[PDB]
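Single chain ahead, written as structure tokens, the form deposited in one PDB entry.
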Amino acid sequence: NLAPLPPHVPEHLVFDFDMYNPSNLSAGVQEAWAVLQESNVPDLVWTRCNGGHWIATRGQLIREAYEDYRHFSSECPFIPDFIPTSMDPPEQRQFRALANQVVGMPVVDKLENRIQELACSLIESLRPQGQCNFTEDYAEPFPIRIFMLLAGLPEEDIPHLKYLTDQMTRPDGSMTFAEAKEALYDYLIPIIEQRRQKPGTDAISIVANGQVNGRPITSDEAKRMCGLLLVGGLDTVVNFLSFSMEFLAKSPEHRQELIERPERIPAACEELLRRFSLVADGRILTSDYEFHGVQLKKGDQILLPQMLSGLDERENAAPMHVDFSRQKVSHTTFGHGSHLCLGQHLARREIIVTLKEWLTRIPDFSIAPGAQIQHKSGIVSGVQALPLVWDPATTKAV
């Protein structure tokens, strides 16, 4: 399972961390990754797992590498074709500017109460049941319905669209990754063509009618962009909301704090994004490069885990402790550098709206008795399931 050590890599830097199956997973996924930050582990290591690749383990190095796109390229962002995820500057700036017209802060401010109405109807349908699988019953339906809202798409298309995106990250075997992607494209293409002719004020209409390098955007470019806008906000949001609700279910004192001080909910959102950070992307070396005393070779892959920066004790004191009143919350949960999450403003509103509406309607809830919560590790780390229970008599319809 281990790849043989390339000759340019010294043995003393070898630490065989498996990002898809870390040894301490049962202690919780963030904890399992933080093994990389023990005092005997150098800031830059090589693992022989998953083809062999570098891992930067400290916030300083993670930030620096994400800044230096000239040495650390996005052409190969995964260990071991959406736009703009695979492009370096300067072509990236064009598509990034266009995508920002659909998910940027002004759009998020316009949709805030639509987001709230969606959260309310979901929670209200669960409230009288006294139980749910949060991941399945709230976290999954929420971001897909936000996308249908953004893209002006009908409710009846959800089951099939949801299935297609599920096949890309959690295949049941019906479809290869390529087949799911093309089916997704089969779906988007006619909508794009039609909204070239009769535009609305939706995200597909904007992307379809956009300009890159003097002339109109192609259908190939529009489809691969709309595709990323869809998938970019699903798994991250589903899994992040799950880590957050797991913690709040296990910490009645933190629940109480936000119940008593609702004005702290946006700071709490930021501290949860630090503690339960979940993305680990990477880059490929464009050339030989000596980085902080270490010889990196052209073509080497390097994992730069966005998750690790906020957990670094050099960045935040007592990093495993959740403290909604931290003066300085330092993290790279949405990334850093030219590819910084375009959905970051939408995500923060999704999180804040969720916490406000859930705590308003179902203030007291616990993990279902006897349930053990299981985490999973990957490019986007997550929660397998979150069985929650409450007493309907302690809830309120609002």
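Here, rigid core means the biggest group of C-alpha atoms that superpose within 1.5 Å across both forms. Each residue number is its position in the shown sequence, starting from 1.
Where coordinates are absent for parts of the deposited sequence, a chain break appears; between neighbours residue 80 and residue 81 it spans 4 to 9 residues. The deposited model assigns a higher average Cα B-factor to 161-169 than to the other stretch when 161-169 and 278-286 are compared. Stretches 289-297 and 303-311 differ in mean CA B factor, with 289-297 having the higher one. Of the residues listed, 371, 55, 32, 340, the entry assigns the biggest Cα temperature factor to 371. Of the residues listed, 238, 267, 208, 122, the entry assigns the biggest Cα temperature factor to 208. In this PDB entry, the Cα temperature factor of residue 101 sits in the top third of its chain's modelled residues, the highest group. In the PDB entry, a CA B factor belonging to the lowest third of its chain's modelled residues is recorded for residue 243. Residue-level temperature factors show residue 257 in the middle third of its chain, judged at the C-alpha atom. Remark: residue 145 belongs to the lowest third of its chain, ranked by C-alpha B-factor as recorded. Ranked within its chain, residue 204 lands in the highest third, by CA B factor from the PDB record.
Quick note: we don't show the form deposited in another entry, though the next part is all about it.
Core-based superposition between the shown form and the other one leaves all of 288, 313, 179, 117 but one with CA shifts under 2 Å; the exception is 179. Residue 160: CA moves 2 Å or more between the shown form and the other one after rigid-core fitting.
Once the rigid core is used as the reference frame, the Cα position of residue 215 differs between the shown form and the other one by 2 Å or more. Once both forms are fitted on their core, the CA shift for residue 267 between the shown form and the other one remains under 2 Å.
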